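Presented as structure tokens, the chain that follows is alone, the form solved without ligand UDP.
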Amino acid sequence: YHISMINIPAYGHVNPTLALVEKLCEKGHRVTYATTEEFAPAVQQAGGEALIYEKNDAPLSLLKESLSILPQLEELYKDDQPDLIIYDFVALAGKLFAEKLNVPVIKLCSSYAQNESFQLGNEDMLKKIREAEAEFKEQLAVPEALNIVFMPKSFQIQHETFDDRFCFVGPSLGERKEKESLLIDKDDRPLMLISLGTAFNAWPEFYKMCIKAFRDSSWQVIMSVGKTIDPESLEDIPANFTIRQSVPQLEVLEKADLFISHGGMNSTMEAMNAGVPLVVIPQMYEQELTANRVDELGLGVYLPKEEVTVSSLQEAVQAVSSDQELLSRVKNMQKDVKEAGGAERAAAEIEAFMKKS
């Protein structure tokens, strides 16, 4: 089939999709992958053909912009047409389009999936409610006949309530050759990864606090600071630290013993796939959920931003990295992450979805 998968312009949502695109073309089908040009090159590598086409601090009304991409993307509606369209759950436009074309739909859940019995967001978030109705042409995100969730089922909140419409394939990570090549003997020195990723780009005191907390400690520390800070700015970088704007995460996680992260779903599932315990410091609401989920599942510790100190970072790292039972549960969750089936099982469920008709 000619498959069209519609996704928003955000890195977090597109990585899980790429490995699926890679698997699909291996199975034979062809994808038109609508995306913003910035995101176009990553699409190409895994195969498929995607034809190209801000800040989220504001509280409501983001879709219309997604309604603006609906026509822009729908210009190609006519030239090549789908037999199956897959849309990221946030990218509303793909359904509208899809509804109009009455093609089978498959929803992508980058983040937790929800069902009638279980919903996401607090009452305050809940309270906003699709208030203004404009003039053109129900519930914003219900479940499609088949929804692929990029996490093991055991990680899903209220996983008991979830249907056969929901396939929990875990993170979609392929098999690839390491960019990192980080090599010297470890020395048996525990490797800590610190990355807040995209969030907290305005909090340089955090990275300074990490340096103060762990300089000249038993740990070896890799700290991805993004452009939040500039490595040269600091007076003295400790010998046991390695500070970059970016690092190959999957790579370092496979050699790490602890991961201080921001609770992004991609970063969390990668840590789970590598079986690395977590200290989660969340910024956005979804991260707060993931941070809570990590805590309740016993996979690590949830360190709220308002409590992050030199001491709290040390205390957290020490508690986590010293709890062997926590390491076991992390291992058990890693095992679930691999059994989840990945892009392989995701692709298979799409093909078997098409036989049903």
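Just count from 1 along the sequence shown to find any residue number. Only the largest set of C-alpha atoms that superpose within 1.5 Å between the two forms is called the rigid core.
### Message
Does the chain run continuously from residue 137 to residue 138, or are deposited residues unmodelled in between? Answer none, 1 to 3, 4 to 9, or 10 or more.
### Response
10 or more residues are missing.
### Missing from the model but present in the deposited sequence, between residue 53 and residue 54
The entry leaves 10 or more residues without coordinates here.
### Query
Got a sec? Mean C-alpha B-factor, which is higher, 322-330 or 58-66?
The entry gives the higher C-alpha B-factor average to 58-66.
#### Entry: Stretch with the greater mean C-alpha B-factor as recorded in the entry, comparing 7-15 against 339-347
The stretch with the larger average C-alpha B-factor is 7-15.
### Task
Pick out which of 109, 269, 260, 184 has the highest C-alpha B-factor in the PDB entry.
If I rank 109, 269, 260, 184 by C-alpha B-factor, first place goes to 184.
### Query
Between 295, 306, 315, 49, which one tops the list for C-alpha B-factor in the PDB entry?
That would be 49.
### Task
Sorting the chain's modelled residues by C-alpha B-factor, tell me whether residue 97 ends up in the lowest, middle or highest third.
Highest third, going by the recorded CA B-factors of the chain.
### Message
Test of reading the entry: by CA B factor among the chain's modelled residues, which third contains residue 251?
### Response
Answer is middle: the recorded C-alpha B-factor places it there.
### Query
Lowest, middle or highest third: where is residue 277 by Cα B-factor in its chain?
As the PDB entry reports it, the C-alpha B-factor of residue 277 lands in the lowest third of its chain.
### residue 174 - Cα temperature factor, lowest/middle/highest third of chain
Highest third, going by the recorded CA B-factors of the chain.
### Query
Considering only modelled residues of the same chain, in which third does the CA B-factor of residue 195 rank: lowest, middle or highest?
Lowest third.
Same protein, other form: the form deposited with ligand UDP bound, not shown, and the subject of what follows.
### Task
Among 242-250, 144-152, 160-168, 112-120, mark the stretch whose residues have heavy atoms within 4.5 Å of ligand UDP in the deposited bound form.
Selected stretch: 242-250.
### Message
If we define contact as a non-hydrogen atom of the residue within 4.5 angstroms of the partner, is residue 213 a contact of ligand UDP in the deposited bound form?
### Response
Output for residue 213 is no: heavy atoms all beyond 4.5 Å of ligand UDP.
#### Entry: Partner contact for residue 262 in the deposited bound form: ligand UDP, 4.5 angstroms, heavy atom
Yes, residue 262 lies within 4.5 Å of ligand UDP in the deposited bound form.
### Task
Using a 4.5 Å heavy atom cut-off, state whether residue 257 contacts ligand UDP in the deposited bound form.
Taking the distances in the deposited bound form, the answer for residue 257 is no, it never comes within 4.5 Å of ligand UDP.
### Query
Counting only non-hydrogen atoms and a 4.5 angstroms cut-off, does residue 88 reach ligand UDP in the deposited bound form?
Contact check for residue 88: no, nothing within 4.5 Å of ligand UDP in the deposited bound form.
### Task
Report the residue, out of 199, 229, 105, 274, that has at least one non-hydrogen atom within 4.5 angstroms of ligand UDP in the deposited bound form.
After the contact test, the surviving option is 199.
### Task
Could you list which residues of 139-156 come within 4.5 Å of ligand UDP in the deposited bound form, counting heavy atoms only?
Nothing in the stretch sits within 4.5 Å of the partner.
### Query
Superposing on the rigid core, which residue among 200, 162, 112, 219 shifts its Cα by at least 2 Å between the shown form and the other one?
Correct option: 200.
#### Entry: Core-aligned CA displacement of residue 99 at least 2 Å between the shown form and the other one
Not so; residue 99 is displaced by less than 2 Å.
### Message
Relative to the superposed rigid core, does residue 145 relocate between the shown form and the other one - that is, does its Cα move 2 Å or more?
### Response
No, the C-alpha position differs by under 2 Å between the shown form and the other one.
### Message
With both forms fitted on the core, check whether the Cα of residue 254 differs by 2 Å or more between the shown form and the other one.
### Response
Superposed on the core, residue 254 moves its C-alpha less than 2 Å between the shown form and the other one.
### Task
Tell me whether residue 200 and residue 35 end up closer or farther apart in the deposited bound form, going by their C-alpha atoms; the shift is 3 Å or more.
Here the pair is farther apart than in the deposited bound form; there, closer.
### Message
Comparing against this form, do residue 199 and residue 310 have their CA atoms pulled together or pushed apart in the deposited bound form? The difference is 3 Å or more.
### Response
Relative to the shown form, the pair is farther apart.
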